[PDB]
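Chemist: my complex, first installment, coordinates as in the assembly:
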Amino acid sequence: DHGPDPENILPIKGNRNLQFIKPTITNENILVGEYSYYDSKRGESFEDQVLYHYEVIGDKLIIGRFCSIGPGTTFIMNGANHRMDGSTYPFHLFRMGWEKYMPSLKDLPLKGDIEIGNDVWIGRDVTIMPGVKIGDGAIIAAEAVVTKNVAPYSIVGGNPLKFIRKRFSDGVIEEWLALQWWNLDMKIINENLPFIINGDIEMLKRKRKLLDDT
């Protein structure tokens, strides 16, 4: 039964900044898994960090489980991109006649969902651009601007984004990905926590094979 309640918005005692993200969600098209947290700068909500996010565009921000999201991380959804065929100036917003030129979505450089995997560590003041996919077990350095996709279990950073290194060998990465501990039962996760935490992936692999029954 060990562990915090993922429905608890403020699961750390005395801490008014660190929030479990899922039970704070109020808007639709934001799907965040359990235990993922946002460590706010000054109590702001995770949703306030989601920008240019309009229902009319229908783009989604999707985040998995057990993610660590640092203060000031911002998620720039698709409302940020201007029409780029002619002038970038948005005449229609000003109306008084120009409302005629309200653009159709097909004319916008739309990008699709922001998708973030599980067990992802996102540093302070990272900016995430529209359409970006970030793999399981990634680490994004502070102040990065995530301008392209991020491989699972990789470390990246900078503006624009440079790949830095792989966290483990490809064999070990493959095994973390076949393990998927974040999708296991909490009872199973607790049992395996010492090894999930110390990186004893060989042990985790044996416990997984043991349970196979296949």
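Modeler: Perfect, thanks for sending it. Residues are numbered from 1 along each chain as shown, chains lettered A, B, ... in the order given.

Chemist: quick check, residue A:163 in contact with residue A:149.
Modeler: No - using C-beta atoms under 8 Å, residue A:163 is not in contact with residue A:149; the gap is 10.4 Å. (C-beta placed from N, C-alpha, C; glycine too.)

Chemist: and stretch A:85-103, end to end?
Modeler: By C-alpha to C-alpha, to the nearest Å, the extent of stretch A:85-103 from end to end equals 11 Å.

Chemist: which positions in it come out as buried?
Modeler: residue A:91 (16 or more other C-beta atoms under 10 Å).

Chemist: tell me where chain A has helices.
Modeler: Taking DSSP state H, the helices of chain A run over residues A:170-179, A:186-198, A:201-211.

Chemist: in TSV, list these along with distance to residue A:17 and mean neighbour count.
Modeler: TSV is the format used below for those (distance: least, C-beta to C-beta, whole Å; neighbours: other C-beta atoms under 10 Å):
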stretch	distance to residue A:17	mean neighbour count
helix A:170-179	29	14
helix A:186-198	23	14
helix A:201-211	32	14
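
Chemist: closest to residue A:51 out of the ones you listed?
Modeler: Smallest distance to residue A:51 across those (C-beta to C-beta): 30.9 Å, for helix A:170-179.

Chemist: show me what the closest one packs onto, helices and strands only.
Modeler: helix A:201-211 (3 or more C-beta pairs under 8 Å, 6 or more residues apart in numbering; DSSP states H and E).

Chemist: can we see that at 10 Å?
Modeler: helix A:186-198, helix A:201-211 (3 or more C-beta pairs under 10 Å, 6 or more residues apart in numbering; DSSP states H and E).

Chemist: tell me the angle of it relative to helix A:201-211?
Modeler: With axes from the mean of the first three to the mean of the last three C-alpha atoms, to 10 degrees defining the directions, helix A:170-179 sits at 40 degrees from helix A:201-211.

Chemist: can you add chain B next? sequence is:
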Amino acid sequence: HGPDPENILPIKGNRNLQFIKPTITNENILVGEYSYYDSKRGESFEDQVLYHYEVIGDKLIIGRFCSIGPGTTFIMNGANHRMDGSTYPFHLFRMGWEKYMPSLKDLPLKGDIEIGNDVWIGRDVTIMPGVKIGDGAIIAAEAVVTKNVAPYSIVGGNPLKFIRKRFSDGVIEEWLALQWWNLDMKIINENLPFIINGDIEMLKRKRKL
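Modeler: Okay, here's chain B dropped in alongside the others:
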């Protein structure tokens, strides 16, 4: 048709987005019509202009129909320290040190910051002293503009890197020749469908006409 460019808040119900020119209060800031600052929480465009001192006399110049995203910052020449020896500004602290005040030629001043027409500037861009940004350029959010940007190019990063030109040299040459931003508003309103869709062939046509 069109909003009044002297309207500080041209969109109804929107207290963040401001036409810049009717907000200008300070000297040496010259901004063209219809250019806007989409503020974060209503702060004024002027207060995004930093280290701007009259005794240096550098200017910030911005053309028409520019989109300036929230948190865009302009760093003027007052930011630069003397770089011959120590960068420490002894004179500021006086008490005898005021006599080490640098002359203007001691300082590495870099001139005016000039942004052209129809430039889209991303959220939280920082602009360095002396930078020239061409018409129709696009500056990606979070960029630190450390060097000049060509007309109709897309740039980004810290430091700034070239990403791509928006069109072929020929079409650009043609937009630059057209200079639609300097037409009368009656003519602009007439030609908006093609300014927006980039039908430059049609634009040359109607303008010859």
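
Chemist: take the buried residues of stretch A:85-103 again, chain B included.
Modeler: A:86-95, A:98, A:101 (16 or more other C-beta atoms under 10 Å in any protein chain shown).

Chemist: who's in contact with residue A:139?
Modeler: Counting by C-beta atoms under 10 Å, 6 or more residues apart in numbering or on different chains, residue A:139 touches A:68, A:119-123, A:150, A:153-157, A:164-165, A:167.

Chemist: hmm, 8 Å instead?
Modeler: Contact analysis of residue A:139 by C-beta atoms under 8 Å, 6 or more residues apart in numbering or on different chains lists A:120-121, A:123, A:154-156, A:167.

Chemist: that older thread, of the buried residues of stretch A:85-103, closest to residue A:143?
Modeler: Distances from residue A:143 to the buried residues of stretch A:85-103, taken by C-beta to C-beta, are shortest for residue A:88, at 26.3 Å.

Chemist: correct me, but that closest one touches residue A:82?
Modeler: Yes - using C-beta under 8 Å, residue A:88 is in contact with residue A:82, at 4.0 Å.

Chemist: find the closest residue to chain B in chain A.
Modeler: In chain A, no residue comes nearer to chain B than residue A:97, which is 2.9 Å away by C-beta to the nearest C-beta.

Chemist: which non-adjacent residue is nearest that residue?
Modeler: Among residues not flanking residue A:97 along the chain, residue B:1 sits closest, at 2.9 Å (C-beta to C-beta, 6 or more residues apart in numbering or on different chains).

Chemist: residue A:121 against residue A:142, yeah?
Modeler: No - judged on C-beta under 8 Å, residue A:121 makes no contact with residue A:142 at a distance of 10.5 Å.

Chemist: okay, stretch A:197-205 in PDB with CA atoms only?
Modeler: Listed next in PDB are the C-alpha coordinates belonging to stretch A:197-205 (Å, rounded to 0.1, in the frame of the first residue of the first chain):
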ATOM      1  CA  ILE A 197      15.400   3.200  -8.400                       C
ATOM      2  CA  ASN A 198      19.000   1.700  -8.400                       C
ATOM      3  CA  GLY A 199      18.900   0.700 -12.000                       C
ATOM      4  CA  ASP A 200      19.400  -3.000 -11.400                       C
ATOM      5  CA  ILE A 201      17.800  -3.800 -14.800                       C
ATOM      6  CA  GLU A 202      19.200  -7.300 -14.800                       C
ATOM      7  CA  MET A 203      17.200  -8.000 -11.700                       C
ATOM      8  CA  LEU A 204      14.100  -6.300 -13.100                       C
ATOM      9  CA  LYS A 205      14.500  -8.400 -16.200                       C
END
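
Chemist: following sequence is chain C, place it on the structure:
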Amino acid sequence: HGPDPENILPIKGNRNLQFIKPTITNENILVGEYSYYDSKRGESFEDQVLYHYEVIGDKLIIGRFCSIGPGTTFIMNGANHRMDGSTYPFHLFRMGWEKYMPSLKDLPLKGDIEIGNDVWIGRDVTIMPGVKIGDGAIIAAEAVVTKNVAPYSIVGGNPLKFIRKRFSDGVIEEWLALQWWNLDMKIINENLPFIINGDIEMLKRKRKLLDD
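Modeler: Let me add chain C to what's already shown:
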């Protein structure tokens, strides 16, 4: 001649620029005389030091005569997560998970942030854990200082890019040897014109050393 380095606000009418040393209250921070922080809104220098926990024991050391820009942040090692397996900080949430409290040896510590003398640090710079910045350096605004910075060099960008040395390697060696910032103020006052205009040759003479 010169201001009182213990005067927190050494410029008349200015409530933003602070001599840093007399504002320090925290352990594990040491900042040299005359170094200043030009705050955005009156915030203190210590408010710009982040993830600094005594139990980790990392130190922030800054030399003398440094110019520190508005918004400059110092990230110490309390931000580092364990990287052996999952980065998720289970122990924080307790309720059984506090038994997974890491040891300091489990954490990827970067050591102290050490900043030399006569350093110019631009606005909105971010300094990462364990970085060393040599004397006379210049860090461009908005830089993220991800690695060590050679003395009298210019750097910038995210991640940090080397730009150029300020002087020839010979002249840098001469500044480094002189260490004007450690000289008695009477001597520094006698030599200010040349410290400021960069005339190292003349500075060398004015000292009149034992090996002429």
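
Chemist: take the contacts of residue A:139 again, chain C included.
Modeler: If you count contacts by C-beta under 8 Å, 6+ apart, then residue A:139 has A:120-121, A:123, A:154-156, A:167, C:83, C:87 around it.

Chemist: what residues are bridge-paired with it?
Modeler: For residue A:139, the beta-bridge partners are residue A:121, residue A:155 (DSSP bridges).

Chemist: what's around residue A:44, how many residues?
Modeler: 14 (other C-beta atoms under 10 Å in any protein chain shown).

Chemist: no, scratch that, I was asking about residue A:25
Modeler: Around residue A:25 there are 15 residues (other C-beta under 10 Å).

Chemist: swap in residue A:214?
Modeler: 4.

Chemist: over to residue A:149?
Modeler: Neighbours of residue A:149 (other C-beta under 10 Å): 15.

Chemist: would you mind naming what in chain A lies close to chain C?
Modeler: Contacts of chain A with chain C, taken as C-beta under 8 Å from any C-beta of the partner chain, map to A:1-4, A:11-13, A:18, A:35, A:66-68, A:119, A:121, A:123-124, A:137, A:139, A:141-144, A:157-159, A:162, A:167, A:181, A:190, A:193-201.

Chemist: list buried residues within those.
Modeler: A:2-4, A:11-12, A:18, A:35, A:66-68, A:119, A:121, A:123-124, A:137, A:139, A:141-144, A:157-159, A:167, A:181, A:190, A:193, A:195-201.

Chemist: give me phi/psi at the residue in chain A positioned nearest to chain C?
Modeler: Across chain A, the shortest distance to chain C (C-beta to the nearest C-beta) belongs to residue A:2, at 2.7 Å. The phi and psi torsions at residue A:2 (degrees, to the nearest 10) take the values phi -60, psi 140.

Chemist: next up, the contacts around residue A:143.
Modeler: Residues in contact with residue A:143 (C-beta under 8 Å, 6+ apart) are A:123-126, A:157, A:159, C:126, C:144, C:158.
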